[PDB]
Every structure is written in structure tokens, then in C-alpha cells.
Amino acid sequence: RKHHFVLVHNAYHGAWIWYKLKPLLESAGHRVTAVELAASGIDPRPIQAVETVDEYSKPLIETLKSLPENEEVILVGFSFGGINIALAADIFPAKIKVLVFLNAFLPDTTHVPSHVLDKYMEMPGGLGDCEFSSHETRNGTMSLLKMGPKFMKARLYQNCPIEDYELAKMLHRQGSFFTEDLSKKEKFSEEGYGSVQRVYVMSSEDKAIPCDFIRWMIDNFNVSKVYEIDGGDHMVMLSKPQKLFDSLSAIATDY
């Protein structure tokens, strides 16, 4: 059978990252919706205009809200999109058969929502030539970030065709992890987010989110299955689009 995949991109990026995967899915007869979150991609809003993670995810929530009733989706969250889908699952858990965490941050149901993001930022190394900034909001300061080209090439796009790195340099935008908003947020519920089925999909060569951090997350909060994509970098939908399709196709079958 065929399913409806809702694809949710990562921060500093947009729906455009799914341009290789979307036709592969649709060509197999699945329906695909590539959500464009706020201040992301060609969204007209600056990131300064998006002060809470809730506003950031609004387009995703809006997509599920207006979903034909009784329809269920495969919700795919890439990277920071993992927080987004957890957010959405806690509102519309019954519109989601399975949550797919693709090289994503996998939040738990026990600590503040920002937990795995904080534990991540505490890792040694820093972030290459990324540019940290701050922004005062109605509710304290919001931490902003824009990636640097060297950081992107070395830790996100190492296995991508050069065209895709170049394309990213032309499209990536300043964004946020909303670590501050998320720290003040009510923890994800077990009745909502917790009740939804969830699997993990990880690239074997993810240099943005270390394999061991990924394992600490899954350890911290179990999933039904863990699929691995051999040779994928962080941007596995650009480096290994076909293998990503194979993974999601296996997921669709299992669920």
C-alpha cells in the first residue's frame, strides 16, 4: 500500500532539501508533503520575527490540522525537525501512524523539551565558522545561528555532490534552536507524543550529530526500530536519496 509522507526539514534550511526524495517517494505512489516552517527557505519572515518554537512549527501543525479526517501520516523529522515532530505528535498523535527521526534530535518525555539540545551544545568542539548572535524578544533573549561554509562542507555535506553544497550555500538562512523557549516549555506528554510509534534513521557518517550522541538519545528514549544508512552524511536526503527512500519504504511496510 501507499502512504502520505510529511517531510519536515532542519533549521537553517527549508523544504528544498527534499527535492531528490520527494519524486522518489511520489514515483512509488506515495503522497508527499514537504512542509516549509517559519523563517525557513523562501518563507517571507525573518528569524527575528519568529520568537517561539511554536510559531516556528506552526506551518507543520497547520498541515496536520487541515488533514482529511481519519487520515494518518508518516511524519519525518530531520535534525532539529525531530523537536518539531515531537511538538506536532503531542497535539495530533492520532494523525500520525509513525514518527521518523532522521538524524534528528529525539526528545524524551522526562526532561525539559530543550534537554537533548542542551546536552548537545555541551559537547566539546564548537561549530567551525558558524555565526552566533542574540535577539531580544517579548520573553527574554533568543539565540540565533547562521552556519559557515567550512562548517557546512566539513560536517553536513561531506558526502554530497558538490552541486548540493553549492545549492545550500545559496539557500541556507540564519535560524535558531529555540533552546531558550524550549527550556521554559512543558515537557512532552506520554499521552500524546509518547503514545505515537517512532523509529530512528541514522547515517553512518553523520558528522553533525555524532553516532554516540545519537545512541545516547535513543538509549535515553527508546524507538521501535533503528535503520542505518551506509555512507550517508548529515544531509542524507542529498547524499544518499535512494537509500533514504529504501529506509522509508521499509518503514512504510513495517507500519
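All residue numbers are counted from 1 along the displayed sequence.
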Next on the checklist: Please compare 202 to 210 with 216 to 224 and name the stretch with the higher mean C-alpha B-factor in the deposited structure.
Outcome noted: 216 to 224
Item to check | Between the two ranges 3 to 11 and 246 to 254, the one averaging a larger CA B factor in the entry | outcome: 246 to 254
Item to check | Candidate residues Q48, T33, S40, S57, the one whose C-alpha B factor the record puts highest | outcome: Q48
Next on the checklist: Maximum C-alpha temperature factor per the entry, among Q174, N103, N84, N139, belongs to which one?
Outcome noted: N139
Item to check | Ranked against its chain, the third holding the CA B-factor of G148 | outcome: middle
Checklist entry - By the record's CA B-factor, is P93 among the lowest, middle or highest third of residues in the chain? => result highest
Next on the checklist: By the recorded C-alpha temperature factor, relative to the other modelled residues in its chain, which third is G125 in?
Outcome noted: highest
Item to check | Relative C-alpha B-factor of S79, binned into the chain's lowest, middle or highest third | outcome: lowest
Checklist outcome for this item: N159: CA B-factor among chain residues, third -> lowest
